[PDB]
């Protein structure tokens, strides 16, 4: 079709090309003619033809986990914004924590020759670590590790441990000493890391968390429901709960309310994520906020760099959580005594 254009305008295609990309000077009339031909023919240059010739697709691949979950969804949207903004195209892939799915998506990606790769796989067993190295040639940034687990990628780190600690401290500072916790999968950063930060704050305070008070969630509302229920279902119950993710938390409120428990009058609850609509939870959720957007932009930024400035050295940038006081926490029995 570029031939079709040239001919209509009676110039070579080389010409058509340069005018299309302003890649060299072209006489007005000439330009005009080309433009005209372009219009009638209703021409749209193939980006594939071009990608073949130039050696880059101007498209980036997001190897995600799931995309419905608030947390993820929020990140992804951030990511797309940046792509769009710098003319990149986004290929979204959810491997659902499945190796096969993940091997598959990784292959299509390389095949489709994506300029770079955004990685959000949640859990990283060796085998996954392995595959990724196998593709170290395509530039990539992992967005969900707590620390850099490989020299062949860039990493954006969230300080989930310091976020967990922040959560514990708050409770402690508000008068609590009988706390429970519902963490996310230990196989994840946002899971293991948040817990531990939180646990350090407890040891520091000589607070012991009875194992019947720790219940594993999977970041899903239903998981928060079951755990909360199991915690309050007990003879002896905490006066406060630390829930590893806002969504699971929303599930914890439900249950409490279903047991006719008052939040935060009968139980205080603090989340983690500060998902877009946590403020509208009932009650407005107190939580630790994760800078999801900066988390996306920053990742996209390292990618571009590696891409354009052709950096070779793995890099890593940290981002920081922060506390958001809303209304699910109330003073505890020991407030007055500090």
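Numbering follows the first chain given and starts at 1.
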Per the entry, higher mean C-alpha B factor between 104-112 and 71-79: 104-112
Higher-scoring stretch by recorded Cα B factor average, 229-237 or 250-258: 229-237
Residue with highest C-alpha B-factor in the PDB entry, from 222, 178, 147, 173: 147
Selection by C-alpha B-factor (highest) of 284, 41, 269, 275: 41
Ranked against its chain, the third holding the CA B-factor of residue 18: middle
Chain-relative CA temperature factor third for residue 323: middle
Record-listed C-alpha B factor of residue 32: chain third: highest
CA B-factor placement of residue 309, once the chain's modelled residues are sorted into thirds: highest
Third of chain Cα B-factors occupied by residue 288: lowest
